[PDB]
There are 4 protein chains.
Amino acid sequence: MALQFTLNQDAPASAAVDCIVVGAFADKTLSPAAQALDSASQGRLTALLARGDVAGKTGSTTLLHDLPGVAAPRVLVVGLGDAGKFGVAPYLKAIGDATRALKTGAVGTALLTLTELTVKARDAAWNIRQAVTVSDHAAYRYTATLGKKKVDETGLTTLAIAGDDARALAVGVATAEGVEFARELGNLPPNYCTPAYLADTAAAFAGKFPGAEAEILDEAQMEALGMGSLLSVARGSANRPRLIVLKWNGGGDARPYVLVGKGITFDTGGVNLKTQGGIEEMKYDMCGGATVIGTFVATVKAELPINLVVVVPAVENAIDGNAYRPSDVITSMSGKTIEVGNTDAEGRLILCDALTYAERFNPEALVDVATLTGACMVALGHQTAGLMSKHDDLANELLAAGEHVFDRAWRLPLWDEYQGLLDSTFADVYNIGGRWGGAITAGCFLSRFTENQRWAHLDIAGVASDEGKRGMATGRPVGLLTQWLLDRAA
Amino acid sequence: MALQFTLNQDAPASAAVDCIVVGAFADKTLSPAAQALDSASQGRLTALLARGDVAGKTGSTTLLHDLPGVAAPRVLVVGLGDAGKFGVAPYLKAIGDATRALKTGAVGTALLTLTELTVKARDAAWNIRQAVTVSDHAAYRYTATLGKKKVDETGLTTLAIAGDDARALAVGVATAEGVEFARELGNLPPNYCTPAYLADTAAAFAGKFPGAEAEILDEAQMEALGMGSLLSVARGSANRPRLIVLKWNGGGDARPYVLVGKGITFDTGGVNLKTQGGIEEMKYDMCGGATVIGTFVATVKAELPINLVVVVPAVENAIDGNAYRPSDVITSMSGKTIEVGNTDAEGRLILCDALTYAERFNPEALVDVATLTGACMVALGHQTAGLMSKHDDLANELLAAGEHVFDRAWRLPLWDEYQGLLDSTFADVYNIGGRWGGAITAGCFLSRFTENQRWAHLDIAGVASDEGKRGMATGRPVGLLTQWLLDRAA
Amino acid sequence: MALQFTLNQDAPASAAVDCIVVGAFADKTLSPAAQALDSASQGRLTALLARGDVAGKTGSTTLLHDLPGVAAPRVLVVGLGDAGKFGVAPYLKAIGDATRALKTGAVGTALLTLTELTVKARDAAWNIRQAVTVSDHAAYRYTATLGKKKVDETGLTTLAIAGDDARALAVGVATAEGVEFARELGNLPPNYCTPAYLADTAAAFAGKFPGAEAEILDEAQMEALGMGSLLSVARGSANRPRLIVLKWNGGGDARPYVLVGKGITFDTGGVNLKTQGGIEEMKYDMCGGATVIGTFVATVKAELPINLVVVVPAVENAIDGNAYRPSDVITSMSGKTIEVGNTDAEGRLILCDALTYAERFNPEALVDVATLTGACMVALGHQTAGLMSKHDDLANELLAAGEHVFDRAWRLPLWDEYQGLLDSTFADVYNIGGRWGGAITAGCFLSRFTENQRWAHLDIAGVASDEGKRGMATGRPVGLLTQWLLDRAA
Amino acid sequence: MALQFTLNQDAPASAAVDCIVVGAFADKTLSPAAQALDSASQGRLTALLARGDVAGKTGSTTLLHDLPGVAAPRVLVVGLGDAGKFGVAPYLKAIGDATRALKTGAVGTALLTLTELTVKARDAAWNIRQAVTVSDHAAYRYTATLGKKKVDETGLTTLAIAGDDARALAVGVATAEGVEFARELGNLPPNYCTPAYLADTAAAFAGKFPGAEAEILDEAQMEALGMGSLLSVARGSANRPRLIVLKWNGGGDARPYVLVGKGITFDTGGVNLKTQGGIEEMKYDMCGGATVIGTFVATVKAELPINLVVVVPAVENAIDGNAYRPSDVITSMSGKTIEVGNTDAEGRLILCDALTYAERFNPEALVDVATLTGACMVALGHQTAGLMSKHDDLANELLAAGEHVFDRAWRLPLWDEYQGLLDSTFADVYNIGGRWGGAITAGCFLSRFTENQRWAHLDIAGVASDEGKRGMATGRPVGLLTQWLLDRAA
Ligand SMILES: [Ca+2]
Ligand SMILES: [Zn+2]
Ligand SMILES: [Zn+2]
Ligand SMILES: [Zn+2]
Ligand SMILES: [Zn+2]
Ligand SMILES: [Zn+2]
Ligand SMILES: [Zn+2]
Ligand SMILES: [Zn+2]
Ligand SMILES: [Zn+2]
């Protein structure tokens, strides 16, 4: 992991760490712990606020050396913005600002005092869990496939969190591990993160934890199950597919929560080749997979007293002399025939089969997570995931979770009047809907396969990764899904 | 108006009209009026139902000639689908079917008995209102700019509506007149429907009704008001702009409802010329204007007890040697400067000045209606309007209205984390937000100008007209808007 | 005219000119005049044929200096190909070869003996006519808008044509003057060849010849005639339009032949701007006009005994703040309204009013000539003009003409089952028919306006000019057209 | 100017300013002034260096508060990189870093000691000049067309520069004023920076300085001079063109240096409209003009002993119903006719007339500066200007200048075997050379007009501005140009 975390009950002026992180608002008001430091230093902070050397606005950090009265030789004061605007987002931002300021340089250990602040509509435990997740996220560094490049080794390695809720720290660490796991898999280049590598990785995790389990299916096994839709998409690739099935037995004999994630390890588009631009971003097209796996890792580490099953169709969509074609009609596991209007709308073609397969687990709730559509990105941007369901209660449960940890989704409708967009002359249903309403129509396609299920669909195409060669997997929506499971476990 | 309407309370078998319109369900059960006719004819309908000659599935009709016992020489039986699934949609589809079946041919007068059928969660008044709007909508024929083309003379002219609520009929007739007005304006070629013409049509209507009032501004007048954003869009075109302001004073003393409709009479895209297809559909880019004007017409003819102001900026966005250019920084009426990233995002540039304008009226609710974004089409389809607001109560008022009359909208978020996409180095604000979230950031742009207002935004790009050379303006969202105002008048 | 012509009946060996032009075939056999020269030189040609110095294959020439016995200091021997395969094409290619070989250099005067060669299915008159047109065509040099560029002064100025039909020479010379006129007009940059200039050039020619007459209309005059389709195209451009009407009264009392030529002097595409390449070739979009004017010139100079009217709508199709826009509905002269699906299908919109106009002349045959469609190029290539008509007899008259002079056309059907592609909801007719059949539906469009007429349409888009920055106007189809009129005068 | 400058010779520890700026290297060694401060503070810096709190790697800074012994309450230590690798680039990056670090916040006055550091192959004068230009460059904030947007008030206003060459400071300050002028002009939106405005700004500057002179020509005047190429570009736009001619007579009797800057104030591409992206960056297409004007400002304020003439054709290239069209043949001032292959290759068409114009001044060197070609960007990047000339000595003068001040250029060949690419059938010259060699053939085009001249061409398309909505005009190549003129004044 990027950082290690402890809890800490010291007086801020006595803490034996390389640096104390405190806060100041835009009107120059000091966070409580900042006040303790101001006292110990006999008004040195107030003197610097007065002089305008310590800024309180959003994004400001100021690093001060050897305040008198303070055991730690450093104090970082982070701006918290306008006090009357303080809440969830300023708090998360403030915490990320602190870590980004300490990421490189002389500070190995710091004390995060910001957890003491009231965040409206949130408790002390939440303040701790978010301290861990946000600061761990901000310290992430990818190195798996550097060869000769040396990276910087200095800076923050351990963060002491002001507080004493051990359980909250533990759930925050477990979450951060899930997040990191998902971002590593997302980030790995497609020639390393193949379907085989993803299944092995997930299995080697399962196998270290008493009560976690993995079952990996291969193409022969999937053929025997009738997963013909999934197999059409996979056929072109020299990298052969896997069905990754992960179980956590924390809920005794209760029915399980079932997550189904799209694990297209790379998407060329197939014969409908991606020629418009951004084909390089397509290692992120397994983030639904990475993300439900990350959630499994968090759930298992936090020992959540629930039953969780995670299903990930791990498939590569390659162009090839034996690749499926547009206008092909393929037989899904459910027996429905699908007409492939476009081979690059193949996520839903591996998901439909996994969702059918998941019926065997008798899900309490069934939620698929997928980088499905450019349409959703047009609809909601990188900011927010698309959510679709025919069950209001489930939809609201997932919305509430996203809102709670600020990893937001927004519902889109599955109105009947959208359904005829998927009409076909040659098969039961057409896999695409036309120029308009594509996020919704992909959802409608999925829903053909989930009629007897309490089901929801997260389109995560915008939230899962950033654009450009410097962009990374964000780890979203591991935040939302882990919180959803915490809610189910409470 | 394409049809005449009357209420009619005659017994079905005695009605003296050219055709009686009755219903049958997919399971062979007959509407009450169908029964009366069956019984008057001593089981002829039941006989034709058995043999299979009268279908009751959705979208089917049967024209029967000279049933013994029935004064009307014809009976039209409309299929109602599974009695199980009856409700809003099947009801409306049936009215439309009935009119389509009679539109051309021997029938002039017909009695519509279908209003008798119970629609779950809708009253008798709604059955009547909807019977008039859907019939009239289906009867529409465009003729304004045909020349030598002989058009079809036969068919439905008068529809008697079974029932006995004269206020319901009057309101339906008022709404349908509004819808028709909006559709005629949207349908007219842009060489006829210039900004000047759109201003005259509306003023002329306003001048015929006591309590209604019109004021038309020209460019000198808008110059004097400082509407520099609006005038920048307008500059390149030979068809000079107008500001159309309509007032209805049916609410005495009360703060008014204010509708602001986008009246781009044609959109070349300007210097950012539309080169990628669809340019020929930009005669519908004034449908924002067409439909708030329609709603005005409906409010006036229905004599609703409210104050209603309707502001329509009317501008043609033309490419020319004096066209505003991308990277220009234009001064809006509010004094905010706008960097023009793209001349084709010009709707919002005429609305933002109209919105500032509209503030003079101290509105109870401020609602803009615009064919704003391709993004909203990708998001919501032709099916559903995009709705945006910072006031939940106002948003819910509009959603419930559209939902009542099946002229639907869906909310999209206006969260802060989207605002940054509108940053500018050379002006207060950039007029476009980049590739993703296009409908939202357009909504965000508008919000810069309505911060003090109880305001909502309706992106009507998908909903306002149909694609291709035979698609016409829909009249949407006059239905939503008028039902919204009816709720305020209740 | 680039060359001077005379008939010449001198014996080859005595002709006092700078070069005698003779033929040899691929099998070494000599043209009759070649023989005379061989014999005058006591077997020098035969000696140079044996050694292989005189090739007789297609496209080869040999310049020989000072053959004993021959008054002319030079002999040019042109290759004629296999005597087996001799005919129209090899004959013409040989004349062209001879001129190309002499175009630059020491030769001023030459005797062309090649006219002696028998061309299967062609008379001696055709050999002579063709010797003048092909030579002159090959001699053309464009100079009008060069400035500082020094041009090459040496080379052929005068061609003596072996033979003794003075009417044949006079007709060839007349045709070549017409061809040259058409090529100069087509070649001129569109800033020089505006509609105004094209009108003046033609009027000026008409005014020099008794029995010839010109009338030029301006926009007020066309306004008054109701040519609202034509004027809609014209509106956007600063170079104001003209209607050029030329009359030749060589047929006394008879109904006239009427040619209608498309005179688009430049085509930006208008609001439907040409963005996809080739815009720089739209100076050739008046070649319809150039070539009917050429044919006029030929008819007059040849003094053909027929009445000939030539109508040229002259319009620049410009993009501007007052340009007609797509979806406009414009009123044509015939009273039919036209929906403008695309401003770049504007040729037919100027022709359709010119065609209605032309009805006043009560024509014997009404033929339009236009660079109408890319579709026709895809259909027929640069090689061959598209021909369309509802009158077989007229179609055959034009095919036979083009076939006689190797200026070829090919018929395309105008069947009814194509007419539906031009439907419109907002007007009597839509101006474009969609993706397929583009040349046909353009032909169909025009036919709406010529129903009472013995009419044909010639799409000359491929045939009228050559691609790329050194390709020029061909002069085609002046050859076809003039031969057609010669047949009517016979 | 964004900052005030003074020389300052105070001992570092006694300087009464808000912040002293010192350097440390990646290996922990301290700049001389850093040492003085360390020593005044009895080893505080050395202590903070050991603990790792003061980084010396490239791009790092550290703000230290109230070091005992130092009058200034703050010390900023700037990282200098490996002492091994120190030189031009690390020196400049360090000055920029220092200003960026102080731009916003509590510091108003600071002493820049960094000028003390030896830069291999550069004198003390260059250290000072560069300290002023890089600091001022980094301090720039654009504000001209902000409206309601509140901007950040705190931060650096005055920079004291350690050292004692007042001529060096004065020249730096002069250059920075020129750079700023050029950047303001480039940055201004094209609706403010019209050709008229650009002419007034320059004339107004010229009129404030004795020995400086401005003359502005309008279209009638350019008409009279026969600048028909320039005026063809200009025709379509409502913003009428200007010829700006600035003279500085600091060299008495001598032949002048003449700079010709391309002043396209916006470029739509014209009829060859920019449809393929980037159109919004064409406000930078007058940077050729902006930067020769900047250089003028620098030459005048620095009072260089040379004659300097600066000619700027100022033209907006607009699409309109009177826009020149592709295939037009236009008559240049030199009398050469030009075939317009593409209206978007219009820069060279305004320069070629300005160049002919410029011949009146009998120049010692004639240098054009233009944002000419995308080709040059493909060739050289944003990093480096394309340089072209037929005179090696002049080329070397400019390369050495750019190399001295790190405002770099690179030569591209103007060989004859490239000239043929500009052939034309309809004019003396074609204005574009096809797909390859685009920067070279543009250079070749210009050369047709400067054959009698000691002339060079600088393609500044990559170098003049930064990409995207927050990229600004760089000011480049004012640095190169001014250093070039300094070398001529030496
Ligand atoms: Ca104009
Ligand atoms: Zn795909
Ligand atoms: Zn995919
Ligand atoms: Zn637009
Ligand atoms: Zn618009
Ligand atoms: Zn065209
Ligand atoms: Zn044309
Ligand atoms: Zn250009
Ligand atoms: Zn340019």
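Residues numbered from 1 in each chain as written, not as in the entry; some residues may be left out. Chains lettered and ligands numbered in written order. Part of a larger assembly, values for the part shown. Heavy atoms only, no water.

Structure determination for the deposited model, as stated in its record, used X-ray crystallography, and the stated resolution is 2.60 Å.

Quick look at the domain arrangement of chain A
Interfaces are often sized by the accessible area lost when the parts come together. All names here are of chain A. Once the domains are mapped, chain A shows domain 1 (1-163) and domain 2 (174-490). On a C-alpha basis, the centres of domain 1 and domain 2 stand 37 Å from each other. Listed per partner, the contact involves 18 residues of domain 1 and 19 residues of domain 2. A buried area of about 1500 Å², summed over both sides, lies between domain 1 and domain 2, and 60% of it is on carbon and sulfur atoms. Taken as a group, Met1, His137 and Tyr140 account for 35% of the area that domain 1 buries against domain 2, more than any other trio of residues on that side. (Domains from an automatic or database assignment. Contact = heavy atoms within 4.5 Å. Buried area = accessible area lost by both parts, 1.4 Å probe.)

Structural notes on the nonpolar core
With 112 residues, the main nonpolar core has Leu243 and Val311 of chain A as its most contacted residues. Apart from residues lying up to four places away in sequence, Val311 of chain A is in contact with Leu243, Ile244, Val245, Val258, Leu259, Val260, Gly261, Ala354, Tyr357, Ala358 and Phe361 of chain A. (Core = buried A, V, L, I, M, F, W, Y, C linked by side-chain atoms within 4.5 Å. Buried < 20%, exposed > 50% of the residue type's maximum accessible area, 1.4 Å probe, protein only.)

Comments concerning the sheet that holds strand β2 (residues 19-24) of chain D
Residues and elements named next belong to chain D. Pairing within the open sheet is mixed, and its six strands lie in the order β1-β6-β5-β2-β4-β3. Pairing within the sheet leaves two strands with one partner each, and these edge strands are β1 (4-8) and β3 (61-65). Mean inter-strand twist for the sheet, computed between neighbouring axes without regard to direction, equals 25 degrees. Strand direction decides the pairing type here: β2 and strand β4 (residues 74-79), joined by six bridges, are parallel. Pairing of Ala24 across the sheet is with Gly79, part of β4. Lying on the sheet, helix α3 (residues 88-102) is in contact with β2, β3, β4, β5 (109-112) and β6 (158-162); it crosses β4 at an angle near 140 degrees. (Pairing = 2+ DSSP bridges. Helix = DSSP H or I, 4+ residues; strand = E, 2+ residues; numbered from the N terminus. Axes fitted to C-alpha atoms, helices over the stretch in contact; angles between N-to-C directions.)

Here's the deal with the sheet that holds strand β17 (residues 429-430) of chain C
Residue and element names in this part refer to chain C. Taken in spatial order, the three strands of this open sheet run β12-β13-β17, and their pairing is mixed. Unpaired on one side and paired on the other, β12 (329-331) and β17 mark the two borders of the sheet. Looking at chain direction, β12 and strand β13 (residues 337-339) are connected through three bridges and run antiparallel. By the bridge assignment, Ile330 is partnered in β13 with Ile338.

What about the relation of the copies chain C and chain B?
Note on the copies: chain C fits chain B at an RMSD of 0.0 Å, the axial shift is 0.0 Å, and the rotation between them is 120 degrees. One copy is carried onto the other by what is essentially a three-fold rotation axis. Distance from the rotation axis, computed per C-alpha, reaches its smallest value in chain C at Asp320 of chain C: 2.7 Å. When the interface residues of chain C are mapped onto chain B, a mere 14% of them again lie at the interface, so each copy presents a different face. (Least-squares fit on C-alpha atoms.)

A short note on the UniProt feature "active site" in chain A
Residues and elements named next belong to chain A. UniProt marks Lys274 and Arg348 with the feature "active site", using the numbering shown here. If sequence neighbours within four positions are ignored, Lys274 has contacts with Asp267, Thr268, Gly269, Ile279, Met282 and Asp344. Here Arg348 shows up in helix α10 (residues 347-358). Taking relative accessible area as the criterion, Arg348 reaches 7% and is therefore assigned buried. In contact with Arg348, other than residues within four places in its own chain, are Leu372, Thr373, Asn431, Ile432, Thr441, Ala442, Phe445 and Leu446. (UniProt positions renumbered as here; feature names shortened; annotations may be inferred.)

Thoughts on helix α9 (residues 287-301) of chain D
All names here are of chain D. Helix length check: α9, at 15 residues, gives a terminal C-alpha distance of 20 Å against a target of 21 Å (1.5 Å per residue), a fit within 8%. Buried residues dominate α9, accounting for 14 of its 15 residues. Among the residues trailing α9, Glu303 stands out with phi positive, at a value near 50 degrees. (Expected span 1.5 Å × (residues − 1).)

Description of the coordination of the zinc ion (ligand 5)
All names here are of chain B. Of the protein atoms, only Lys262 (NZ), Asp285 (OD) and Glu346 (OE) coordinate the zinc ion (ligand 5), at distances of 2.2 to 2.6 Å. Spacing between the donor residues of the zinc ion (ligand 5) along their common chain follows K-x22-D-x60-E. Between the zinc ion (ligand 5) and the zinc ion (ligand 4), a spacing of 3.1 Å is present, and a bridge between the two is formed by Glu346. Of this pair, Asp285 sits in the loop between β10 (263-267) and α9 (287-301) while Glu346 sits in the loop between β13 (337-339) and α10 (347-358), placing them 61 residues apart in sequence. Judged by its relative accessible area of 1%, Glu346 falls in the buried class. (Donors = N, O, S within 2.8 Å, 3.2 Å for Na, K, Ca; no water.)

Considerations on the environment of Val21 of chain B
Residue and element names in this part refer to chain B. With respect to the secondary-structure elements, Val21 resides in strand β2 (residues 19-24). Note on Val21: relative accessible area 1%, which makes it buried. Distance in space between the C-alpha atoms of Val21 and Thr61 is 9.9 Å, their sequence separation being 40 residues. Among residues more than four places away in sequence, those in contact with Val21 are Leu76, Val78, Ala98, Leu102, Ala110, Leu111, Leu112, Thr113 and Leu114.

Thoughts on the pattern of salt bridges
Summed over all chains, the structure comprises 81 salt bridges over all chains. Residue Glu364 of chain C pairs with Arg255 of chain C through a salt bridge whose shortest N-O separation is 3.7 Å. Of this pair, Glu364 of chain C sits in the loop between α10 (347-358) and β14 (365-370) while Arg255 of chain C sits in the loop between β8 (242-249) and β9 (257-261), and the two are 109 residues apart along the sequence. Put simply, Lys274 of chain D and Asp344 of chain D hold a salt bridge, and the shortest N to O gap is 3.0 Å. You can see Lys274 of chain D sitting in the loop between β10 (263-267) and α9 and its partner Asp344 of chain D sitting in the loop between β13 (337-339) and α10 (347-358), a full 70 residues away along the chain. The exposure class assigned to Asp344 of chain D is partly exposed, which follows from its relative accessible area of 24%. A single network of salt bridges, built from pairs that share partners, joins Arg44, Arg51 and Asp53 of chain A together with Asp66 and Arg74 of chain D. (Salt bridge = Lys/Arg side-chain N within 4 Å of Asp/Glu carboxyl O.)

Overview of the relation of the copies chain B and chain A
Of the transformation superimposing chain B on chain A, the axial component is 0.2 Å and the angular component is 179 degrees, with the fit at an RMSD of 0.3 Å. Taken together, the rotation and translation relating the two chain copies correspond to the operation of a two-fold axis. Using C-alpha coordinates, one finds that chain B approaches the rotation axis most closely at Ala379 of chain B, a distance of 2.2 Å. The overlap is high: 100% of the interface residues of chain B also sit at the interface in chain A, so the same surface is used on both sides.

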